[PDB]
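So the protein sequences, as listed, match chains B and A. When you line the first sequence up against PDB author numbering, it's residues 1 to 185, 189 to 237, in that order. Numbering-wise (PDB author numbering), the second sequence opens with residue 1 and increments by one. Working notes for the structure below.
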Amino acid sequence: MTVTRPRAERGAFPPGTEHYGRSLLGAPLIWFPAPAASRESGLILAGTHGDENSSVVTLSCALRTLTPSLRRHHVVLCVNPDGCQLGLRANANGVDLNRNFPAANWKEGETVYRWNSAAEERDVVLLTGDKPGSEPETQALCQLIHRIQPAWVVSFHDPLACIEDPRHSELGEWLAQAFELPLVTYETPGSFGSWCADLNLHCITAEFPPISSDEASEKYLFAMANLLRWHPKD
Amino acid sequence: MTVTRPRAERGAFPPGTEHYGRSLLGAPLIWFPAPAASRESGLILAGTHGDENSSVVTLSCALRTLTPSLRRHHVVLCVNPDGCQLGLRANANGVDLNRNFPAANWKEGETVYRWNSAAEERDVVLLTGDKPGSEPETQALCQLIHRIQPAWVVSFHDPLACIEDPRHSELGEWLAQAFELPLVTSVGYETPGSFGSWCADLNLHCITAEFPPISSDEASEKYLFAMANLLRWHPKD
Ligand SMILES: C[As](C)(=O)[O-]
Ligand SMILES: C[As](C)(=O)[O-]
Ligand SMILES: [Zn+2]
Ligand SMILES: [Zn+2]
């Protein structure tokens, strides 16, 4: 009946969850199949990086806020659940998963990244994997996308405050309006966006700003929930 | 000879990780035993609630920063690894793990938390377990703390911005000063089956350190000093 479930009921997910694999350490890889599924259904995902959690919690809350039958798009809350309980960027093998996809530009070697926003120089080192798509997490996500074939992917990260949509599109600016973030128009080797580029899978990286889970779950709750509900207003 | 590992290599964990069990969904329960544990060795805890992320990244950063030799205290980054992955406060059973401890004051049925700091009341319903200490995450931690017998426990949460020391002791006043958070004895509401409630019945000193609302990006900046010093904390002498 209502657009949203009463707050008193939002402690738990609506029943429906499936598993799409297992993490390196044995935690399930989880995804939430859209109830209103169709060929227009996109894939919304988060937590590729274990320390990027404002977007994980906000999407979880949105999932638990929007009445099920209104959700059009498939959701993965956390791509990297090991890195996530270890509060770190990489998975459990030290691999920057977003340098591990079996894209055409997957170079093997080392990657580096910034300590925080106040970090200035990308010095903190990680690896890229042994072979392309080497990690369990990478394959599972890739296999999940090939099976369901989303019309588009929106990949949440942080803390750059913007929407990155190389297509310049209706979604990428719906996203700009509703999250009040600037829009901006993939070469990052072995990243998710390069791998989608190869397939002409539309991929928008949704870069949260540095924000608490406590603020985001209020500030960004509605924009997120509307994202699960989105359709080109035509 | 440095107090901290070089920023360039803080991407991995220093050796000596162990498992003290399995989450409901099958993830490992992971802990980081203190290098040379002594009678002084205490316990530093995080991620009891899976959406209270900013301390689990902060503690993971501190653990990955401070030079390993200098660590005095045991560490659990994530009590509820199914919680953290699901961006949820409860575990995979809709149980509030901090109402699930086999303390004497454990009560069956429902518990309610605050949606967020914006919400005017506590009305979001969770479960307390179908029995005292029902949940695997809860049992595993309870047995860990029996095996190791810590000097004390600091458990980090979100987002009440304060240090809750029921004893008002030194560590409590250290924590208050080091993290620039007020020192208080309680969250002015009742929490049956809470971890601290279980600790009090064992006469184990538990301190809950509540972060304020703060991103993992600024907490990895603003509080890394304090967290790192907590891993090597000793009384005044
Ligand atoms: C710096 As990136 C493309 O790994 O979010
Ligand atoms: C409700 As509490 C003391 O676990 O923040
Ligand atoms: Zn990132
Ligand atoms: Zn709490």
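Even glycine gets a Cβ: it sits at the ideal position worked out from N, Cα and C.
Establish whether the CB of residue 23(B) and some CB of chain A are separated by less than 9 Å.
-> yes
Quick one, which of 121(A), 86(A), 19(A), 33(A) has its alpha-carbon nearest residue 70(A)'s?
-> 33(A)
Going along chain A in order, which residues have a C-beta closer than 8 Å to the C-beta of residue 7(B)?
-> 115, 119, 123, 124
Is residue 52(A) buried or exposed, if buried means 16 or more other CB atoms sit within 10 Å of its CB?
-> buried
Measuring alpha carbon to alpha carbon, tell me which of 25(A), 100(A), 121(A), 49(A) ends up nearest residue 189(A).
-> 121(A)
Identify whether residue 21(A) lies in helix, strand or coil by the three-state DSSP scheme.
-> strand
What three-state label does DSSP hand residue 110(B) in the structure shown?
-> strand
For residue 181(B) and residue 161(B), believed in contact at Cβ under 8 Å, the rounded distance | 6 Å
Would you be able to state if there are at least three C-beta pairs under 8 Å between the stretch 144-158 of chain B and the stretch 34-50 of chain A?
-> no
Can you list, in chain order, the stretches of the beta strand (DSSP E) that have 3 or more residues and sit fully within the stretch 114-197 of chain A?
-> 122-127, 153-157, 162-164
Give a single yes or no on whether residue 187(A) has its beta carbon closer than 8 Å to a heavy atom of ligand 2.
-> yes
Given that a residue counts as buried once 16 or more other Cβ atoms are within 10 Å of its Cβ, and exposed if not, what is residue 6(A)?
-> exposed
Residue 207(B) versus chain A: which residues are under 8 Å apart at the beta carbon?
-> Chain A residues near residue 207(B): none, gap ~20 Å exceeds 8 Å.
Contacts around residue 28(B), its chain only, beta-carbon distance under 8 Å, and the 5 residues preceding and following it disregarded | 19, 21, 22, 81
Residue 40(A): first and last residue of the uninterrupted alpha helix (DSSP H) it sits in | Counting along the chain, residue 40(A) falls outside any alpha helix (DSSP H), and DSSP gives it neither H nor E.
Residue 56(A) in three-state terms, based on DSSP | helix
What are the partner residues of residue 211(B), as DSSP defines its beta bridges?
-> Per DSSP, none; premise fails for residue 211(B).
Would a check of beta-carbon distances place residue 4(A) closer than 9 Å to chain B?
-> no
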